[PDB]
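**Q** take a look and give me a structure for this.
(chains A, B and C)
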Amino acid sequence: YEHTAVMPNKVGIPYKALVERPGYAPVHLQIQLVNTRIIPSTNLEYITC
Amino acid sequence: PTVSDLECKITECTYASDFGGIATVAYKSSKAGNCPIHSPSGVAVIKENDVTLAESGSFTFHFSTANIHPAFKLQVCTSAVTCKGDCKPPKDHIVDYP
Amino acid sequence: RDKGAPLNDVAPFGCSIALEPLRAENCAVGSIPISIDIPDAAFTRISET
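**A** Residues are numbered from 1 along each chain as shown, chains lettered A, B, ... in the order given. The protein structure is shown below:
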């Protein structure tokens, strides 16, 4: 019903998950953890080059 | 009809005080005709006051019982039968008395 | 060409990277545990399956 799904956060894989339920019919999902996102606050301290 | 060899069964739904419970019914009888229906005693409001019956047919009906998963009997003008369903209701229930 | 550690080839998981504040794109784990609260309406009914 309330479909938990954890998978590796792997960009290019369509993991095609399943809501297991008997109230209603099981229904497919795809819990595809596409692209690893991280993005915190940052500060440019110095360019090097 | 004498509604004999009948079956009411699983078909599931989402259940609501109004008339949310449903259960398909393989209505099977020894005659064909009209049939007033209701659970053996008052525990349900049936949307279909009367349901037509063929001999070995199937007709889903609507009702409301109170039970969220409707395994409620239906007393189909001679012969009770459990009009089962497993129905998860809405998440919210603020509208007036059942 | 006098490189230290090239993290788009040596950052654990499966990551390769672009210009980033601190993000590691394309990692192949980094698992995102997804949990969905699916309304029952969105399903296919068990009698319609």
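**Q** counting by contacts, list what the lengthiest strand in chain B packs against.
**A** Counting by DSSP state E, the longest strand found in chain B is strand B:21-26. Packing contacts for strand B:21-26, counted by 3 or more C-beta pairs under 8 Å, 6 or more residues apart in numbering or on different chains; DSSP states H and E, involve strand B:7-9, strand B:61-64, strand B:73-76. The C-beta positions use only the backbone N, C-alpha and C, and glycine is treated the same way.
**Q** partners of that strand in the sheet?
**A** strand B:7-9 (antiparallel), strand B:61-64 (antiparallel) (DSSP bridges).
**Q** deepest in the core, which of those strands is it.
**A** Neighbour counts (mean count of other C-beta atoms under 10 Å in any protein chain shown) averaged over each of the strands paired with strand B:21-26 peak at strand B:61-64, with a mean of 20.
**Q** run through who's touching that one.
**A** The contact list for strand B:61-64 (C-beta atoms under 8 Å, 6 or more residues apart in numbering or on different chains) reads B:15-23, B:25, B:37, B:44-48, B:51, B:70, B:72, B:74, B:83.
**Q** equivalent analysis for stretch C:8-20, please.
**A** A:9-10, A:36, A:39, C:7, C:23-30.
**Q** columns secondary structure and neighbour count on top of these, output as JSON lines?
**A** Written out in JSON lines, the entries for the contacts of stretch C:8-20 read as follows (DSSP: H, G, I helix; E, B strand; the rest coil; neighbours: other C-beta atoms under 10 Å in any protein chain shown):
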{"residue": "A:9", "secondary structure": "coil", "neighbour count": "23"}
{"residue": "A:10", "secondary structure": "strand", "neighbour count": "20"}
{"residue": "A:36", "secondary structure": "coil", "neighbour count": "24"}
{"residue": "A:39", "secondary structure": "coil", "neighbour count": "9"}
{"residue": "C:7", "secondary structure": "coil", "neighbour count": "13"}
{"residue": "C:23", "secondary structure": "coil", "neighbour count": "17"}
{"residue": "C:24", "secondary structure": "coil", "neighbour count": "20"}
{"residue": "C:25", "secondary structure": "coil", "neighbour count": "16"}
{"residue": "C:26", "secondary structure": "coil", "neighbour count": "20"}
{"residue": "C:27", "secondary structure": "coil", "neighbour count": "24"}
{"residue": "C:28", "secondary structure": "strand", "neighbour count": "17"}
{"residue": "C:29", "secondary structure": "coil", "neighbour count": "15"}
{"residue": "C:30", "secondary structure": "coil", "neighbour count": "20"}
